[PDB]
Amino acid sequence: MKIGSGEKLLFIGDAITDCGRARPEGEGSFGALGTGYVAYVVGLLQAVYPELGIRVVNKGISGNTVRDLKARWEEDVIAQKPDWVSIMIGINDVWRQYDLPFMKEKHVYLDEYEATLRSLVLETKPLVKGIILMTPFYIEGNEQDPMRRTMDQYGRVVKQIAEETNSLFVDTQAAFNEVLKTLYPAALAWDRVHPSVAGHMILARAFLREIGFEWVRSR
């Protein structure tokens, strides 16, 4: 398991990460982590590795783009002195291009996205033990749907940043795509973004698998 005892794991992102977490602190065992994948990861780690003694902080904020992450990075990431930082950002960067196509200042285009995410990862890498970069996703099985096509591009940028910088990488899109071989998007998320428990389990499992979680530990 990549995460070790006594370490502090900090998740950051948009609504998908927030899921109603306690503001500002985002920390503790009885609801402060919100009700989605971040809480499920913490739950599963505690259920299967109770002894690892990890602290987990949820700094997700509904509505955020990577520009919003940059503006709060000092106080919400650096100042928390985490050991591990998990980032999942891009959904809003992209979605605003499609749901508010004429409010361009709300858009974070690929240049701004790459440059900003790159800069946050580079600044954070030497200060922590590790970084996990999760791709954004869109719950949509047609690669040529325009927003899915853009989201896949943004995930390609996350993947190069995680390779230019050496971070762990979780392709959340590939995790949905597998389920989408069976289910129409609406079965998981009417709006193709905010999913049911099942979607948050897909995310939580995609994360855990990347960090070497075992469902039943061997022995």
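One-based numbering along the sequence shown.
- As the entry records it, the average C-alpha temperature factor is higher for 164-172, out of 164-172 and 31-39.
- Legend: mean Cα B-factor per stretch from the PDB entry, 20-28 versus 203-211; the higher mean is in 20-28.
- The top Cα temperature factor in the record, among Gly155, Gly63, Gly60, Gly53, falls on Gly53.
- Set against one another, the Cα B-factors of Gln80, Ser86, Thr135, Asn92 in the record reach their highest point at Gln80.
- Among all modelled residues in its chain, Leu122 ranks in the highest third by Cα B-factor.
- Among the modelled residues of the chain, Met147 sits in the lowest third by CA temperature factor in this PDB entry.
- Ranked by Cα temperature factor within the chain, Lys129 sits in the highest third according to the deposited record.
- In this PDB entry, the Cα temperature factor of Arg96 sits in the bottom third of its chain's modelled residues, the lowest group.
- Ranked against the other modelled residues of its chain, the C-alpha B-factor of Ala71 as given in the entry falls in the middle third.
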